[PDB]
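Coordinate inspection notes
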Amino acid sequence: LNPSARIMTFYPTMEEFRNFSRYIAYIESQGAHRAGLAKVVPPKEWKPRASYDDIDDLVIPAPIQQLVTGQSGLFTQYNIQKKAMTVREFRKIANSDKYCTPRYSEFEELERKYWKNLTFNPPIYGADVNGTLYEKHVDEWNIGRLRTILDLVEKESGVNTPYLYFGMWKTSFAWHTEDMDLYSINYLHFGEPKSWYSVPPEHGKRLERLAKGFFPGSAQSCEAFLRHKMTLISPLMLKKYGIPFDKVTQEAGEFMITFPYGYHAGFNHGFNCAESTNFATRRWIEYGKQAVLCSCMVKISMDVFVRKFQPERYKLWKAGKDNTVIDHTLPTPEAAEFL
Ligand SMILES: O=c1[nH]cnc2c(-n3cc(CCN4CCC(Cc5ccc(Cl)cc5)CC4)cn3)nccc12
Ligand SMILES: [Zn+2]
Ligand SMILES: [Zn+2]
């Protein structure tokens, strides 16, 4: 389903929520994947940590200062690595007069203030922090241990590990797909909202074509230059060039799911914390095999997946004759139980 490819929101009951791989198959069966991004609001009784007041001494080893260059909706983000700091040190900076969220009536106002000021007063993003804020006993939707078919990488051979994102106002993530065109889970533990922009995978190539036209020097240097996660394109720029996209705001205690080859970027409203990781379903294997990778980085040997799930195609794929065409609208084989 999902004909217009719009971002869908789900409210699973505690029973539906219990199985992660089953629910993903469920949301795929409802066409959630067509948007490239879906929101999952978990049961009201469900909590992964009783309190976030015990993490002030937690170390952010490589905070990055985000320097943005550009104009006319077109930007490049340069990351400057800064010395290690604590969550206590970070929160103090985030909430300071120099870095705090401006006063705003509505989101459209905050969005406009972001697109107008992202080049000034560079913020610090306490991104890519190895760790989890989930309590060990928490079995439902545990980012640390999702136990998807992706775990085969580690089982046989940090993509499968959790990462925390301590954000402040204006810190942002550039347009990108997941490494190896994998899926992603992103839980916002606490704090101020996280706004998201998404392009449906079926229009993924249009955005690429548009970026290739805007940064031809970057495109001549690298086939998959968007993977560098440095390109920022404003919603107005996308609308001007007729690129279909959708937007959504993630609030604390909500989950966002990025689907294979579903381009996304966004920004933080203020001081917050988000944990994320990559995962996979049987549908991903074909995206993993066909993924255009950074030539100038995260690379996964597909051989193990093709052995187990496509042994009949192993010889044809190892010969370079696997001419399989991907249908971005087809749900995962695991969704059969719902069709
Ligand atoms: O809100 C967001 N903020 C920031 N980023 C976001 C985001 N993505 C962030 C990543 C990077 C993930 N990860 C990559 C690898 C890196 C360590 C590394 C490197 C090489 C090798 Cl070979 C082994 C390990 C650590 C980091 C991918 N998507 N998606 C959605 C939302 C957000
Ligand atoms: Zn991502
Ligand atoms: Zn590259």
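The deposited coordinates, according to the entry record, derive from X-ray crystallography at 2.50 Å resolution.

Remarks on the site of ligand 1
Among the 14 residues in the neighbourhood of ligand 1, the closest are listed as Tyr-125, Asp-128, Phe-173, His-176 and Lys-194. In this structure, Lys-194 approaches ligand 1 through a side-chain N or O atom, which is 2.8 Å from an oxygen atom. One of the side-chain nitrogen or oxygen atoms of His-264 is found 3.4 Å away from a nitrogen atom of ligand 1. Here ligand 1 loses 71% of its free accessible area of 680 Å² to cover by the protein chains. For the shell around ligand 1, the secondary-structure elements that each account for two or more residues are β7 (124-130), β8 (163-167), β9 (172-176) and β11 (194-198). Taken together, the residues of the shell around ligand 1 sort by class into seven nonpolar, three polar and four charged.

Thoughts on the coordination of the zinc ion (ligand 3)
Every protein donor of the zinc ion (ligand 3) is accounted for by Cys-222 (SG), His-228 (NE2), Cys-294 (SG) and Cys-296 (SG), and the metal-donor separations fall at 2.2 to 2.3 Å. Coordination geometry of the zinc ion (ligand 3): the four donor atoms subtend angles of 98 to 116° at the metal centre, consistent with an arrangement described as tetrahedral. Linear spacing of the donor residues for the zinc ion (ligand 3) on their chain is C-x5-H-x65-C-x1-C. Separated by 72 residues along the polypeptide, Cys-222 in the loop between α7 (216-221) and β12 (231-233) and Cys-294 in the loop between α9 (284-290) and α10 (303-309) bring together distant segments of the chain. Across this residue pair, the class does not change: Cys-222 and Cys-294 are buried.

Let's talk about the coordination of the zinc ion (ligand 2)
For a metal bound by four donors in tetrahedral geometry, the ideal donor-metal-donor angle is 109.5 degrees, whereas six donors in octahedral geometry ideally sit at 90 or 180 degrees. Bound to the zinc ion (ligand 2) on the protein side are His-176 (NE2), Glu-178 (OE) and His-264 (NE2), at distances that span 2.0 to 2.3 Å. Positions of the donor residues of the zinc ion (ligand 2) along the chain correspond to the pattern H-x1-E-x85-H. Of this pair, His-176 sits in strand β9 while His-264 sits in strand β15 (residues 264-268), and the two are 88 residues apart along the sequence. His-264 matches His-176 in its accessibility class, with the two residues each being buried.

Structural notes on the UniProt feature "binding site: Fe cation" in the protein chain
If you check UniProt for "binding site: Fe cation", the listed places come out as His-176, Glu-178 and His-264 in our numbering. These annotated residues cover 89 residues of sequence, and their C-alpha atoms all fall within 9.1 Å of one another, placing them together at a single site. Excluding anything up to four places from it in sequence, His-176 contacts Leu-226, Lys-229, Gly-262, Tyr-263 and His-264. For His-176, the side chain forms a polar contact with the main-chain oxygen of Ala-174, separated by 2.7 Å. Within the secondary structure, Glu-178 is located in the loop between β9 and β10 (183-191). Once you skip the residues sitting within four places of it in the chain, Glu-178 turns out to touch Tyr-183, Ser-184, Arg-227, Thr-258, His-264 and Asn-278.

Criteria and thresholds
Residues numbered from 1 in each chain as written, not as in the entry; some residues may be left out. Chains lettered and ligands numbered in written order. Heavy atoms only, no water. Residues with missing side-chain atoms left out of burial classes, pairs and counts. Near = heavy atom within 4 Å. Polar contact = N/O pair within 3.5 Å; in protein donor to acceptor, adjacent residues only side chain to side chain. Areas by Shrake-Rupley, 256 points an atom, 1.4 Å probe, with all protein chains shown as cover. Helix = DSSP H or I, 4+ residues; strand = E, 2+ residues; numbered from the N terminus. Nonpolar A, V, L, I, M, F, W, Y, C, P; charged D, E, K, R; others polar. Donors = N, O, S within 2.8 Å, 3.2 Å for Na, K, Ca; no water. Tetrahedral: all angles 85-135°; square planar, octahedral: opposite > 155°, others 65-115°. Buried < 20%, exposed > 50% of the residue type's maximum accessible area, 1.4 Å probe, protein only. UniProt positions renumbered as here; feature names shortened; annotations may be inferred. Contact = heavy atoms within 4.5 Å.

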